[PDB]
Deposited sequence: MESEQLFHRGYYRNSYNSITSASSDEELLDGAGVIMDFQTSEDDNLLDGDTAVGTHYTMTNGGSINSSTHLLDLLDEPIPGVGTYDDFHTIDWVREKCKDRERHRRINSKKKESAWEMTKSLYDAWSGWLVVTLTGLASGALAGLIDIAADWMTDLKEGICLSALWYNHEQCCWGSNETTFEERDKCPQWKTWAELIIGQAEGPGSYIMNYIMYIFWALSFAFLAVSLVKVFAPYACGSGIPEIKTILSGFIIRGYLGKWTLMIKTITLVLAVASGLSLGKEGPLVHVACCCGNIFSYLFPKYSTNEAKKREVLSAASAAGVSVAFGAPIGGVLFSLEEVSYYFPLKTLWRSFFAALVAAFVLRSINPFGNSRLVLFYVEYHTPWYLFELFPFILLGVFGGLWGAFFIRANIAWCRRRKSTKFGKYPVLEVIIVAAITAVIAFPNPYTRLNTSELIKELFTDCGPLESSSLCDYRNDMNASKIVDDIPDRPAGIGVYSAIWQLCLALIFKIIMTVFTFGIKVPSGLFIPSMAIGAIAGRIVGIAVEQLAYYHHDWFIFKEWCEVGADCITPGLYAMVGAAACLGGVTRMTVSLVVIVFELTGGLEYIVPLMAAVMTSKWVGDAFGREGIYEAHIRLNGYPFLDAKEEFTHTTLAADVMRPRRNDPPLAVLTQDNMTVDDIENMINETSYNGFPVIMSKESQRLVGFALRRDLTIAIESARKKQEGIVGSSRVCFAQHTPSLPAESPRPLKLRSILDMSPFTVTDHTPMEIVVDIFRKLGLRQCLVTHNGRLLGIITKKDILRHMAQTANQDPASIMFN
């Protein structure tokens, strides 16, 4: 065919049927040429192994980048508190690694590490030392945020945000050129570390999915099969997203479950094993570099009891409520950023938010602590060896009020910040903030339950389930359940979320409470709204995304959504023969239609096929260059084989999809979703009457929802 045929413009959905057919034709050619020569056999073998090789490369790159990002983010976050003069490449934990001056009270206390007050003021303690530490913390946070936003602006503006919404849209068939490019990969990798160091209420776990998808796209470019075909590249991107989730949470099974559940609009069977393999490879790499097995390992000696389900369900409810609230708040805030002028100053916005978050973060310990470190600490179970402040009250009696007040202040702070932080134009994620909020809430709830059990053991439930004077209640389990509930409420993810949380925990005993809390949070959120944060952001950005949840009214008919309608003039049509090249070029220029139907005759209106505008113009230009005398006067014949007429039957889909006008539009939406149809030609009495496009379907869905 003509070079460039079968390609799509930027921001254009792909026709899955046509892409599949192109893949089948390429397979025909490659398989046929195998017997021609041994080199053809080697090429065919490489094509057969192209999928395995691409998933392996994607997993390796995802693991390497995830490990680098994690280590760099940890070091940069620890830079704010102070510096290690002996080893500038060591964070606070690594600087105090070999120190023998450590004490039981302070594990990270060593003369090697020097706080900024010690560097400048020279005093580790004192009002001036605290003032200087505060000022330097704010300064470092602002510097990191400004660097991240500037790098996003100058090089990769698409690098901002989690990217899960745009990945979901892309896997549905949408095309966003440059989203998965080299520049976006590099800039996002750097700015993720920068933003995480800045201390903003965001996480790097979610954006790792987009990073992995970028790696997968770059690797798909190497293999011809996955480069020519958009659907094949999207399968590779689903595998890449699974690998990204795996590296983010160390959960390969959870990664595959998330990829199937959320991002992958179409999930063939072979994608399942490919995604699992890629996730395993990436996790193995991360374990090879990042350690220096379970990131959030928990040791709750007492098993979860049935009555504990009641508090857990409450956490679930909370996980839903906040979730819904956030989906109502952030979107609105984001919407304002699109309508008001405060979105016209993105660097100023990020700098301001970093200033406020650092200012409100330094005073409190939990808020100042890194979000991932805070989640880990909240997950840890209290023990005699532990010196955590959270358990101080348990040591005192067995200040609880002081710890609960600090946790509540941290919860309020994080909840307020996360709304503004998401939508800010640096690589940000919702997994870590939501997990931190839910963990704080669960720790508060678990502390309350433990206090109730210890103070009141006469209650029959407490006495029967827990021995008198026994610490059956484990705050870490409650924190885990709260984190799972909040994440399920905000994301509306049920199975992938539960499996990811279990893998990150490393314990299968807590599957039932986690599922119960996630189900309760999802149900509460659905009561307050059936759209998740990712779906809500997709709708806010107005991307062409079609979902199974959306449906049309029974009164809607294919005639109603037909493009020509009444006010619109008759849809552009192309006569099979007796038409000049100039006519086709003028029609292409005049109309923005993705494609034009080709009919046997203008009066007959008997459809022959569908000619895409891109394919038509590409073929016309290539024929003009190839063959002389094509000044536009020569006619074009779409029928099967001096004027030297141009032939455009090759670029014509000889088998266009067709539905009848009295067909309910519900069936049309089902066909579009199942077959991934770009357009469908509504014909009456065997003659063309109109066209329904996926864009038309989305527009009428938006009108109904609006």
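- Unmodelled regions of the deposited chain, listed from N- to C-terminal end, are 1-77, 370-373, 480-494, 738-744, 810-818.
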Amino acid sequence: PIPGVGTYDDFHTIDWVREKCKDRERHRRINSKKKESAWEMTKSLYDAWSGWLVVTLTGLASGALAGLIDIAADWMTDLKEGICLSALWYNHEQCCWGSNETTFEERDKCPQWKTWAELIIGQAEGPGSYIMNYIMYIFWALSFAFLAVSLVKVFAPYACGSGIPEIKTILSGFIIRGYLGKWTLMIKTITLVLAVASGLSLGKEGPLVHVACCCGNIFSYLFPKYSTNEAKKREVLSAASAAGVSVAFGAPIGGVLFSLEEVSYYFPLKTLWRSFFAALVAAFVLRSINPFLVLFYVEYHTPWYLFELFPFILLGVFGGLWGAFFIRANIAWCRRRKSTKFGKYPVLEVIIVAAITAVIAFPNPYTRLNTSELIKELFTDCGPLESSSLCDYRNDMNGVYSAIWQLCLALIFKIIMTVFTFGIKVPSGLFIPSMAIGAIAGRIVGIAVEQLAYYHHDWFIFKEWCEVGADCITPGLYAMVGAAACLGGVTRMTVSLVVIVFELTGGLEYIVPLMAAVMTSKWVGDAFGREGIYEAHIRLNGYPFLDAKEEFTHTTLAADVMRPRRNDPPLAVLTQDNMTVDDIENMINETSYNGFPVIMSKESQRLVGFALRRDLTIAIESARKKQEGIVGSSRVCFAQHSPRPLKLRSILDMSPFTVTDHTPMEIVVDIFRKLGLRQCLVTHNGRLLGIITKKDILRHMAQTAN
From here on, numbers count along this sequence of modelled residues.
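In this text, the rigid core denotes the largest set of C-alpha atoms whose superposition between the two forms falls within 1.5 Å.
- Averaged over structures and residues, the CA distance from the shown form in 4 other deposited structures of this protein after a core fit is larger for 294-302, of the two stretches 319-327 and 294-302.
- Larger root-mean-square CA separation from the shown form, computed after a rigid core fit of the structures in 4 other deposited structures of this protein, is seen for 547-555 when 148-156 is set against 547-555.
- Per the records, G542 is modelled in every other compared entry, just as the shown structure includes it, so no third of them leave it out.
- In the comparison with other entries of the same protein, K168 is given coordinates in all of those covering both sides of it, so it never reaches the one-third threshold.
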